[PDB]
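Here we start with a single chain on its own, the form deposited without 2-methoxy-5-methylaniline, put down as structure tokens.
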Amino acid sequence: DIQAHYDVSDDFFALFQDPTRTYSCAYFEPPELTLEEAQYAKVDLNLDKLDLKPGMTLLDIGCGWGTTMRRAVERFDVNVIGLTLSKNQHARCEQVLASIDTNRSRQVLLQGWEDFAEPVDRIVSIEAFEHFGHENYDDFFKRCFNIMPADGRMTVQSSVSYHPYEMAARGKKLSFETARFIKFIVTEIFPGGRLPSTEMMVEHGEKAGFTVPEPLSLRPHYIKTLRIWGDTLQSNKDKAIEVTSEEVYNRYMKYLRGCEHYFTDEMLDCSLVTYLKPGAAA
């Protein structure tokens, strides 16, 4: 109920996101890409790590509006299974996947990874991990390990914080201030969320039996992403307030400007972590 109060219509998000409605870090490689092109570049950055071969099945955990799954089918000629908890995203994904000219299997399930136990070749998860909760991390990596073959690979892209000990080292004043903003994100933007640390993402993966190379930082790309999101929301103030309220407009400008600030101050990061099964190709 208190959390439900923070429910926001998809129409609001459309007033600050690119036409694909991607609600995650873009990849500005090369630097001159538009937000929309950078969102396709981020999908490619993830898929290009997964050693995907024709006829494999890719699981997308938190499949959004289906952009990742569509690009995987079109680029790699693979079957796809998407998991989402959003009825609207589910509806859109079925139609996105049905639209694709292919013989490959395309499936979208209105459920979480907890209830998913089908064999898959590869797994991608782009900024859903912040919504799982710390106590679920061992079950998540065990599930992911067990449903993949000997050459399995997974990418998880997640916003991350630092252990309070690490935060204290970079200024106490800045340490408490960051913790408070994180509390705001996890209360008002992603209610019930939890930012993991990169160390947590890595060590939970290793405990489950994965090889974990050095994670890729997307920090500078998230700064560019949040700058464009904030500037776009600000340019649509009138329409955003009209579609929601002044409260919600102020909340999301605080979020977007705030994240840009703490990413620039290197008190937040965004990690793309690769998880390799022992039999993964070299």
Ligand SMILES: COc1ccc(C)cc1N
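When you see a residue number, it is the position in the sequence shown, counting from 1. For clarity, a rigid core is taken as the largest C-alpha set superposing within 1.5 Å between two forms. Shifts are known only where both forms have a C-alpha.
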| item | value |
| --- | --- |
| Residue range whose averaged C-alpha B-factor is higher in the record, 169-177 or 136-144 | 169-177 |
| 30-38 or 53-61, whichever carries the higher mean Cα B-factor | 30-38 |
| From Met69, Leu47, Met253, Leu216, residue of greatest CA B-factor | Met253 |
| Of the residues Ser9, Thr274, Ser24, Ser271, the one carrying the largest Cα B-factor as recorded | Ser9 |
| Ranked against its chain, the third holding the CA B-factor of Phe210 | lowest |
| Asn79 - Cα temperature factor, lowest/middle/highest third of chain | lowest |
| Entry-reported Cα temperature factor of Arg122, expressed as the chain third it lands in | lowest |
| CA B-factor ranking of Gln95, expressed as a third of its chain | middle |
| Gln107 - which third its CA temperature factor falls in, relative to the rest of the chain | lowest |
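Heads up, the form deposited with 2-methoxy-5-methylaniline bound isn't pictured, but that's what we're talking about next.
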item: Answer range among 145-153, 164-172, 132-140, 98-106 for contact with 2-methoxy-5-methylaniline, defined in the bound PDB entry as heavy atoms within 4.5 Å; value: 132-140
item: Sole residue of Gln157, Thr178, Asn79, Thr198 within 4.5 Å of 2-methoxy-5-methylaniline in the bound PDB entry, by heavy atom; value: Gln157
item: Any non-hydrogen atom of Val186 within 4.5 angstroms of 2-methoxy-5-methylaniline in the bound PDB entry; value: yes
item: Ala128 within 4.5 Å of 2-methoxy-5-methylaniline in the bound PDB entry, heavy atoms; value: yes
item: 2-methoxy-5-methylaniline contact at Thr20 in the bound PDB entry, heavy atom, 4.5 Å; value: yes
item: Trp65 within 4.5 Å of 2-methoxy-5-methylaniline in the bound PDB entry, heavy atoms; value: yes
item: Candidate site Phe12, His221 and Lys239: all three near 2-methoxy-5-methylaniline in the bound PDB entry by heavy atom within 4.5 Å; value: no
item: Segments displaced between the shown form and the other one (3 or more residues, each Cα shift of 2 Å or more, core-superposed); value: 129-135
